[PDB]
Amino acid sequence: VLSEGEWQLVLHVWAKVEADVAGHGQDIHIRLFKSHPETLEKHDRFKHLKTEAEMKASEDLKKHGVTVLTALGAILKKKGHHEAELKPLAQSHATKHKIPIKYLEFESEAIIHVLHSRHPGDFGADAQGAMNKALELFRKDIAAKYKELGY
């Protein structure tokens, strides 16, 4: 739904994520789990990590963040043509992990906050708008697949 110009801002900012994917992943998950503690309960792997120092010390959580941001980066680089990338993600998050669509909204907010905190200069108003639109499109298409799956 984005313009080419907006996609360029999305991908330009994502290149900075890729310069420290693991660090971005940790910051995003710490923000998600501290702001929305109920999400922490859906991560059986991590629900025992109840302090910020405890999540930061978890190499398992650090590895998961890379997995997550690697999949998200692959989706964003498709500039909306991400049917095949979203299919297995919707399938697992709807029917295996049982993640409400609202939690993807919480994670999207956390991504935006971390990008702004690490890259306040490059993640200005226009890049923030483009990245919000890209994540909104991701959530819309995931929600449509949830419905196809019966969830």
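Counting begins at 1, following the sequence as shown.
Worksheet item: Where do the C-alpha atoms have the higher mean temperature factor in this entry, in 47 to 55 or in 112 to 120?
Response: Higher mean C-alpha B-factor in the PDB entry: 47 to 55.
Practice prompt. Would you tell me which stretch averages the higher CA B-factor in the PDB entry, 94 to 102 or 38 to 46?
Written response: That would be 38 to 46.
Worksheet item: Whose C-alpha has the highest temperature factor in the PDB entry: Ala125, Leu89, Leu32, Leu69?
Response: Result of the comparison over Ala125, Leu89, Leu32, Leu69: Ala125.
Worksheet item: For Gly129, does the deposited CA B-factor place it in the lowest, middle or highest third of the chain?
Response: Highest third, going by the recorded CA B-factors of the chain.
Discussion item. Among the modelled residues of this chain, does the Cα B factor of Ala19 put it in the lowest, middle or highest third?
Written reply: CA B-factor rank for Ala19: highest third.
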